[PDB]
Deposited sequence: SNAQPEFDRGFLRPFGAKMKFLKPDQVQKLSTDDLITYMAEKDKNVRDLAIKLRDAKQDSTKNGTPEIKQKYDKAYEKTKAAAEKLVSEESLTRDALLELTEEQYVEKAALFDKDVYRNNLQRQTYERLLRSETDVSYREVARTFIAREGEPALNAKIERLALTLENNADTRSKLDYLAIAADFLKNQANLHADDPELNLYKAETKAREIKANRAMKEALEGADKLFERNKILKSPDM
């Protein structure tokens, strides 16, 4: 009786298995692909392409199809190996990473960093999408009551004092809430953004603290006898 060929992926809902970077370095190439595919969506997408290539090669082993598998396997192995490369795990290389790259790396080796990283990613995504929703709604109301040249002038005043569309849009929405403290739409955006920023900063703090514990950055100093 046939099941479902998952390849290097694990069954849906399976509790993830985390190991310290040294223990992961000791894994077989196959076991490493299984480990990384479960935690990183790039290694997963590559393992799916490797699975389809393995299926084609089994059915018909023509040199065109067999090398398509060889390439697919190599690409997955290269992606998985890069995430645990000794070069990337040096104290020097870990200092060079951004807070985001540092927590995304730690999230592959620690359960709590993984969860905290997932939370920060949803709060940061909603910070961005809610700024665009609000801006496009508030700009429509602004143009209706003040005209489009008046808006372009305000956006110009912001771009002339200060980067990307979302940074200028969030500053516009904040400045207008400070100028009109009685507008419920602007004061709801203001309140909701403050609450989203609090949640994103706490998620990042938790993930960074967990990353420091994992990479052993939190216990460098020991006092001797004075």
| property | result |
| --- | --- |
| Ranges of the deposited sequence (numbered from 1) for which no C-alpha atom is modelled | 1 to 3, 166 to 174 |
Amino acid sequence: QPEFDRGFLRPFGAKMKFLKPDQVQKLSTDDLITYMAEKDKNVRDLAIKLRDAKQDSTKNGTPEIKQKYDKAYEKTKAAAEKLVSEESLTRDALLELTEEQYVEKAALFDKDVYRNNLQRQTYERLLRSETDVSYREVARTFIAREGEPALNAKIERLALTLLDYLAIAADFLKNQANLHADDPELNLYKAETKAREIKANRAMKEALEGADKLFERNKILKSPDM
From here on, numbers count along this sequence of modelled residues.
{"item": "Entry-level comparison of average CA B-factors, 147 to 155 and 118 to 126, reporting the higher stretch", "value": "147 to 155"}
{"item": "18 to 26 or 204 to 212, whichever carries the higher mean Cα B-factor", "value": "18 to 26"}
{"item": "C-alpha B-factor winner, where the candidates are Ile198, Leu160, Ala37, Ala53", "value": "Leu160"}
{"item": "Maximum C-alpha temperature factor, selected from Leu179, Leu32, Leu46, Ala191", "value": "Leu179"}
{"item": "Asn42 by Cα B-factor - lowest, middle or highest third of the modelled chain", "value": "lowest"}
{"item": "Among modelled residues of the same chain, the CA temperature factor third for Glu87", "value": "highest"}
{"item": "Where the record places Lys111 (Cα B-factor, split into thirds across the chain)", "value": "lowest"}
